[PDB]
Amino acid sequence: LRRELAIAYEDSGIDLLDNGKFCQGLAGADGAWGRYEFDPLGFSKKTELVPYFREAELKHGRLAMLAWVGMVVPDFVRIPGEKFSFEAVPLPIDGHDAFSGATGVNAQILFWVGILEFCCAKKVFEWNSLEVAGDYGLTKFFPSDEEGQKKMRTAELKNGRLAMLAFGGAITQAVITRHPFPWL
Amino acid sequence: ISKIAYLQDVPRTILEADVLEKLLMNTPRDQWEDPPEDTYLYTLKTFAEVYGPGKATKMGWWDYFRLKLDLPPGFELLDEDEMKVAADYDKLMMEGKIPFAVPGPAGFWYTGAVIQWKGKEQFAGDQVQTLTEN
Amino acid sequence: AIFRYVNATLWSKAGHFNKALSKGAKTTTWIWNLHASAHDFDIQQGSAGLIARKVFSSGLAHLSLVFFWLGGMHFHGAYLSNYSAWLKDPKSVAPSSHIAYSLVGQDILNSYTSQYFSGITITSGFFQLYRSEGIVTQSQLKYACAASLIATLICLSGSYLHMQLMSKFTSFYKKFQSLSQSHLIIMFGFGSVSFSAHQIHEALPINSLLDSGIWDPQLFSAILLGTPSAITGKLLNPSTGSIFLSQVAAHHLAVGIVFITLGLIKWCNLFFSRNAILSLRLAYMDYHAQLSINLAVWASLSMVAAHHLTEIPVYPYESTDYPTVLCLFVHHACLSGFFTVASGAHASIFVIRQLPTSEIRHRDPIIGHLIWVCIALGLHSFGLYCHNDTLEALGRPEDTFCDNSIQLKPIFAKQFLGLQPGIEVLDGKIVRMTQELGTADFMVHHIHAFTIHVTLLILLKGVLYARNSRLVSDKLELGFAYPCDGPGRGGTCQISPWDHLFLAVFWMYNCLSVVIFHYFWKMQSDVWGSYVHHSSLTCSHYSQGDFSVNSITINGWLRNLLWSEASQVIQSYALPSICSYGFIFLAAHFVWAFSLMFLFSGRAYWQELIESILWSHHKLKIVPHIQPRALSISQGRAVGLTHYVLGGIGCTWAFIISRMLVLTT
Amino acid sequence: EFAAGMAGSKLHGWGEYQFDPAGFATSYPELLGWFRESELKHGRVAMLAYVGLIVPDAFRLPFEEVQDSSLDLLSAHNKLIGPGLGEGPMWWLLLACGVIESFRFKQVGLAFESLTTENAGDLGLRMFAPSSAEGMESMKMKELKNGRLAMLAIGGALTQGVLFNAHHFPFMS
Amino acid sequence: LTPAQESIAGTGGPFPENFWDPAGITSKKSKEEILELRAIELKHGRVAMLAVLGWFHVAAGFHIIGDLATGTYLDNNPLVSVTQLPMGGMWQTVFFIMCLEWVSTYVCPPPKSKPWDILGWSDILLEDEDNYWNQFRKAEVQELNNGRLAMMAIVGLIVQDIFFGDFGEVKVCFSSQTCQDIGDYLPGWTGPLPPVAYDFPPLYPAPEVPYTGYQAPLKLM
Ligand code: CLA
Ligand code: KC2
Ligand SMILES: CC1=C(C#C/C(C)=C/C=C/C(C)=C/C=C/C=C(C)/C=C/C=C(C)/C=C/[C@@]23O[C@]2(C)C[C@@H](O)CC3(C)C)C(C)(C)C[C@H](O)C1
Ligand SMILES: CC1=C(C#C/C(C)=C/C=C/C(C)=C/C=C/C=C(C)/C=C/C=C(C)/C=C/[C@@]23O[C@]2(C)C[C@@H](O)CC3(C)C)C(C)(C)C[C@H](O)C1
Ligand SMILES: CC1=C(C/C=C(\C)CCC[C@H](C)CCC[C@H](C)CCCC(C)C)C(=O)c2ccccc2C1=O
């Protein structure tokens, strides 16, 4: 089960002994029909960093899940503004260059993201453990069962990885084709 | 070795097995019992006496970071071949033989030759052998 | 990590670091020893971990000091400088980010640099550096100053923190493979690549616009646009007289790539001859060994910088800014000499504190052959000058060594640039001109070699005979810095490596003074100057090409260089620009003469005089309980050396700078 | 001992070349069969790549879509991709190669679970083969040497052909 | 091999351990004859190494003694420069080499066991030292291989010069030769970029109609 972060932080820090499980028993290594322990390069053999690896994986998955939808939506709809109009910016891939620099539109996003990351670094480093890796307490809609929680974590990880690859595919295809959503 | 308590079952996180073997090989055998204060083996002993099985199984992120910073990596310690080469060099010099070298531009080249530096009178500085005179 | 142990209680102890200073302030020798051993972290109370802590934190504190100095330079350029006038018209306006007060008539020091600005002409090339970097606005200079101050604060914080972050277990400073790999790949490779990026993205457009004549804000806020196929260095910017900044950026990109490749092949272990250097790797894992090696490396790099900053022009208008190029060369040559003698010193310290390498076991042949080569070099090189003097005085120029008479042609001094015939000019000045070598160059170069070899002799003797010698066999027990071993065995004065440095500094100063004079006179006579009109120009040089005719004699050096060219500095009192330089000339002469006091006298005379003087104080009940003492022998030597070098350097500094300032304005 | 006793180190010019500077074989023993399969695939692809870089000049396939005389190593792939998806002869080749590859799953299981070091790269073809075990080992070393040479040669040929416009056999400007 | 042949085994062939002798010249020779053959081989190899060094040095120009002696620039072709040199210098060279040979063969003759040991290394050298820092066999084999290569090279250079007047001209490009252009320095070069016949096309298409805040990619041009 998942315990409140206050209780979970009681046993937190860089563990030195190793639970003898694949990746310390973390969720996300499960095939469709059986068990799929994917680690060809043996990165999980650094058991002390395994919690950091899971935190980074979940951060990347969530960020790419947002990024893919943010590459899809703008072409269909835009913010009601003159500088966000299709005439000022034809495709999402143009947004970075359009809003970089003195305009500050992307500078504000960078600033707020940096503030959020500065505030979350304490959990990322100090209070990171096998059970609280990627857990910020936003557990609304989280099932109240062990199997349900495990399945939800697996679904998050799988969708995050799918979007992690899909964002690379979509951004590369969009840069290559200069085309609307279908090629991204 | 088995007789050393702190070297038994050192957790992989504190120090890898291969790096531990290399460190022990590099360090003189007599120092394993109680290494000097300023040595990687001393750091390993001090931290293995406090961390590991049957002891503190967790560490703060910063404490672990500092421990990994101040413990040695594998590539920092000398290799078997390097230690053999250094030992042979020192043995030659102490035996009174000189692996011949000639100074070059801001350095010296090794000609691959071993000469007899000490002459017939070992304590005589006049008799040290050189190709130029001897 | 535990910062509760850093308290100001020890600030008032004044000597806590040294155990030998426990009996605080019984004499003034205690004060002098406190100062002398303040930064000798090895002999101070504590442990090796504490030594490493102090070394690293002090390095960071000095980094912060340098950042503060750079930020001050940027601030002076931004707010107290005529950089705007210089940028619009570099030739007419001399660089000046230096202003003096009007306290006691001191406003006379400020000289006309522009219509609206009066100040002191700077010679550091900072204006040219800013122009190359693309800094063309007060806002840009202000933000550079802010960045420098922020870096100062960061480095200060880092030093303060690392004084406690590093514990006795700390060993990151012993990871030589990691240190070297990181420095080679990131600090050098990535640094050079990033600076090439900076040049390409900021400096190239701005510099191209400035060369064209465009000063438009929108433009200020297409590589290889103007550079032809001509080899870099073979064609200088006609409107700027310097290597194309796009070529410089390509250079930095290539250098960064090469450094990254070297680091990667080292990472992959492609280099194979590890054994040839394994002995040095085992021996020289010491603070003083690394300090000596680094000091020598940076000395050599400083000398190469001194030569290249002038011979190869890369900064805009620095070629025609004659005071700037001269001052840069002289400054970096002096730093080269100082850091070389430093390398000798710390080599000696490493030998004293650690086991030396096996080349010390045949030290007698090494130093003997060095002594012979020094004697032969000095004899031949200087006796050619003496022969020229004597024969010319007797009235037999046909018997002297000169181009018209017997000539010593430098056959080996061969070209490698393969430049086209002619010279490069820019607005009434000779930005670049080939230096033609003859008998004078042969003689002066062999004088250079002689002086370098004698300085090296002193340093090497100090290093090799540091542990023991035929005279005294327990020099290792005596230590590093001791005055002598006694009047015995004939007299053992200055047998220590410290005294060997004390003499090598004199010899380095002599070498560098001769080098400075050679560069100054040769450039004035054969390179710098103006021109008077396929077109052929007659070049009027500042010294009128008298180096090749007069430099062949010591009398020629005394007359045509010192006496003749000291007219500016000697007659600088009335002139607002260089009256300070004349006064500094006089004061440096005074200081140099004052150094001879300590260099010639001895401790006992001054101790006895001090006691006789103290008699009167005791008579009148003025009893100083920190009993006055004469300076120790080593301290007297150090004070004499410092004053001697400072006075000589000040005289040369004022003389050359006054000459250049007057001639160019 | 070395690798997993796989062919590829014996029968060299001087007998026992054991080429593994970066210790991948020791670092990932579990991936040795995968490494051998990948090496054989790359070699057998590079051999055919060189032969199909040469032959097209002499001959062209019967279908009326590759008959253009300007289909060099540079423009061939991009031109033959064609419009849309799943419409070009390049796509026909991709589908054929996939059909061929799918048999390896039958041979070594769905997830290459049965891929061992003694069966890595072995597709069961034993036509025109040495009868003796020593002969079979010698032919495997021939194959490995030819494949490594073909990999290096195809890399060099493609790089040179694109860099200097020499898309035909000399591959030299 | 044979007991006589073993006197030099380990210092020949492509690898040191081989004994290349297709003619079987040394099959019937005695140990003294083998040592004399090795002495001849080493003398020829050293003379050939020095000869190639000097040949390239003079073919690059850099022929100062001859220049000063003749008061004129001698032909770069070494075989022509021989004839251009004064008889004074030629006889001086012959006499100096004769004196060197006389001293080396009569005043300081090498030992009968090591006829090639001109400098008398086998009086302070310890060849049979089991230390790692004892690569004298490596040094010897390097000497022999370089000397053999230099022998072949110098014979080829002389033959080619005599036949086609080609002396293996060197393009040192610094002092005797004034290379004005990048093409001169590196063959086939005509500009800052390498002479590659491939026009690197854009990996991605660009917008035909731009937009405010575009910052189109820069061109190295
Ligand atoms: C002066 C010439 C010379 C001499 C005296 C020797 C002597 C020797 N060599 Mg040989 N060698 C030479 C040149 C010479 N070599 C050259 C240039 C090469 C390079 C191809 C070699 C390569 C070589 C190898 C690889 C080995 C030897 C070995 C030996 C030893 C045993 C074999 C033997 O009987 O050689 C006697 C050789 C001769 C009598 C030379 C005969 C030359 C004939 C007549 C042809 C000459 C024509 C030539 C091409 C010039 C034509 C010019 C014209 C067109 C103008 C022996 C000490 C072996 C050894 O040391 O084993 C331990 C060994 O393994 N040598
Ligand atoms: C550090 C040492 C080293 C270096 C730097 C080096 C460099 C190069 C280069 C690049 C400059 C090339 C292009 C090249 C090529 C080949 N090397 Mg080689 N090689 C080294 C060592 C060995 C050893 C020990 C062996 C070997 C071999 C082969 C074979 C033939 C294989 C065969 O047909 O079996 C080929 C084609 C094996 C052999 O048998 O060579 C006849 C063998 O045993 N190499 N080698
Ligand atoms: C648009 C733009 C910009 C940008 C950008 C950004 C954000 C770019 C992002 C790029 C990104 C995110 C690129 C991901 C690539 C992923 C790859 C290659 C995955 C390969 C995966 C391979 C080869 C294989 C995977 C597997 O084998 C594994 C490991 C195990 C198997 O069981 C399953 C499979 C076979 C699948 C700027 C700079 C911001 C502004 C500028 O103006 C232009
Ligand atoms: C020195 C040394 C060694 C070594 C070595 C080194 C340095 C080896 C380096 C090898 C290297 C660097 C090998 C590159 C290969 C590149 C390839 C295959 C590129 C294919 C590219 C292809 C297939 C591209 C195709 C197309 O783009 C084309 C043409 C047109 C487009 O329309 C369509 C596409 C995109 C499909 C030994 C020998 C290993 C051991 C020895 O001991 C020591
Ligand atoms: C003069 C002299 C002394 C006597 C000098 C002493 C004691 C120095 C006096 C130190 C004073 C008190 C330091 C204070 C600094 C100056 C008074 C500052 C003057 C600044 C002016 C601008 C006013 C020695 O003791 C000595 C020892 C060994 C070799 C040579 C000598 C030597 O030459």
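- Method of determination, as given in the entry header: cryo-EM; reported resolution: 2.8 Å.

### Some thoughts on the overall build of chain C
And then number 1: Looking only at helices and strands, chain C features 21 helices and 6 strands.
And then number 2: With respect to the three principal axes, the spread of C-alpha positions in chain C is 80 × 75 × 65 Å.
And then number 3: Taking all 665 residues of chain C together, 44% fall into the buried category.
And then number 4: Accessible area of chain C: about 34,700 Å², with a carbon and sulfur share of 67%.
And then number 5: Separation between the mean location of the 39 positive side-chain charges and that of the 32 negative ones in chain C comes to 16 Å.

### Quick notes on the site of ligand 2
Residues and elements named next belong to chain D.
And then number 1: Close to ligand 2 lie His12, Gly13, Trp14, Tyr17 and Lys145, which account for all nearby residues.
And then number 2: Side-chain polar atom of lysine 145 to an oxygen atom of ligand 2: 3.3 Å apart, as the coordinates give it.
And then number 3: For the shell around ligand 2, the residue count by class is 2 nonpolar, 2 polar and 1 charged.

### As for helix 9 (residues 275-283) of chain C
For an α-helix the count is 3.6 residues per turn, leaving residues at separations of three or four pointing the same way.
And then number 1: Looking at helix 9 of chain C, one finds that the buried residues are C:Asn275, C:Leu278 and C:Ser279. The buried residues of helix 9 of chain C occupy an angular sector of 95° when projected down its axis, which confines them to one face.

### A look at the environment of E:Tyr132
And then number 1: Within the fold, E:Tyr132 resides in the loop between helix 4 (87-107) and helix 5 (136-164).
And then number 2: Those residues within four positions of E:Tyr132 in sequence are excluded, and the remaining contacts are B:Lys84, B:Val85, B:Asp88 and C:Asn275.

### Things to note about the packing of aromatic side chains
And then number 1: Scanning the model with the defined rule gives 61 aromatic pairs over all chains in all.
And then number 2: Their ring planes at 85° and their centres at 5.9 Å tell us that E:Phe163 and E:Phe164 sit as a pair that is edge-to-face.
And then number 3: E:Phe163 gets classed as exposed once you look at its relative accessible area, which sits at 59%.
And then number 4: Classification of E:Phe164 by relative accessible area gives exposed; the value is 66%.
And then number 5: Here the aromatic cluster, defined as three or more aromatic residues joined through ring pairs, consists of C:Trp69, C:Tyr83, C:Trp86, C:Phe126, C:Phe127, C:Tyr130 and C:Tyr317.
And then number 6: A cation sits over an aromatic face here: A:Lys123 above A:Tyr136, 5.0 Å from the ring centre.
And then number 7: In this arrangement the basic side chain of C:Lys174 is found over the ring face of B:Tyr40, its NZ or CZ atom lying 5.1 Å from the centre.

### Some remarks on helix 3 (residues 61-70) of chain B
And then number 1: Among all positions in helix 3 of chain B, only B:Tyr64, B:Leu67 and B:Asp70 are buried. Down the axis of helix 3 of chain B, the sector holding all buried residues measures 135°, keeping them to one side.
And then number 2: Buried-residue contacts for helix 3 of chain B involve strand 1 (14-15) of chain A together with helix 2 (40-48) and strand 1 (58-59) of chain B.

### Comments concerning the packing of helix 12 (residues 363-394) of chain C against helix 13 (residues 439-464) of chain C
A pair of packed helices is characterised by two quantities: the angle between their axes and the separation of those axes.
Residue and element names in this part refer to chain C.
And then number 1: Packing of helix 12 against helix 13 leaves a shortest axis separation of 9 Å and a crossing angle of 150°. Relative to helix 13, helix 12 is oriented roughly antiparallel. The interaxial crossing formed by helix 12 with helix 13 has left-handed handedness.
And then number 2: Taken together, the residues of the contact of helix 12 with helix 13 sort by class into 21 nonpolar, 5 polar and 2 charged.

### Observations regarding the site of ligand 5
Residue and element names in this part refer to chain C.
And then number 1: Ligand 5 sits among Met597, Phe598, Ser601, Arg603, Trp606, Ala630, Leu631, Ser632 and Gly636.
And then number 2: Taking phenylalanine 598, its main chain carries an N or O atom lying 3.5 Å from an oxygen atom of ligand 5.
And then number 3: The contact in question runs from an oxygen atom of ligand 5 to an N or O atom on the side chain of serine 601, over 3.0 Å.
And then number 4: Contact with the protein chains removes 45% of the 790 Å² of surface that ligand 5 exposes when unbound.
And then number 5: Within the residue set of the shell around ligand 5, elements represented by two or more residues are helix 19 (579-600) and helix 20 (603-619).
And then number 6: Counted by class, the shell around ligand 5 contains 5 nonpolar, 3 polar and 1 charged residues.

### What about the interface of chain E and chain A?
You'll often see interface size given as the accessible area lost when the parts meet.
And then number 1: Each partner contributes to the interface: chain E provides 9 residues, whereas chain A provides 10 residues.
And then number 2: The junction of chain E with chain A conceals about 740 Å² of combined surface from both sides, 51% of it contributed by carbon and sulfur atoms.
And then number 3: Run the count over chain E and chain A and you get 0 salt bridges.
And then number 4: The interface formed by chain E and chain A includes 2 residue pairs in polar contact.

Definitions and limits used
Residues numbered from 1 in each chain as written, not as in the entry; some residues may be left out. Chains lettered and ligands numbered in written order. Part of a larger assembly, values for the part shown. Heavy atoms only, no water. Helix = DSSP H or I, 4+ residues; strand = E, 2+ residues; numbered from the N terminus. Buried < 20%, exposed > 50% of the residue type's maximum accessible area, 1.4 Å probe, protein only. Areas by Shrake-Rupley, 256 points an atom, 1.4 Å probe, with all protein chains shown as cover. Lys, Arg positive; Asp, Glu negative; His and termini not counted. Charge placed at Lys NZ, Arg CZ, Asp CG, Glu CD. Near = heavy atom within 4 Å. Polar contact = N/O pair within 3.5 Å; in protein donor to acceptor, adjacent residues only side chain to side chain. Nonpolar A, V, L, I, M, F, W, Y, C, P; charged D, E, K, R; others polar. Arc of directions from axis to C-beta. Contact = heavy atoms within 4.5 Å. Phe/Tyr/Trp six-rings, centres within 6.5 Å; stacked < 30°, edge-to-face > 60°. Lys NZ or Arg CZ within 6 Å of the ring centre and 35° of its normal. Axes fitted to C-alpha atoms, helices over the stretch in contact; angles between N-to-C directions. Parallel < 35°, antiparallel > 145°, perpendicular 65-115°, else oblique. Left-handed = near helix turned anticlockwise from the far one by under 90°. Buried area = accessible area lost by both parts, 1.4 Å probe. Salt bridge = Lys/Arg side-chain N within 4 Å of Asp/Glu carboxyl O.

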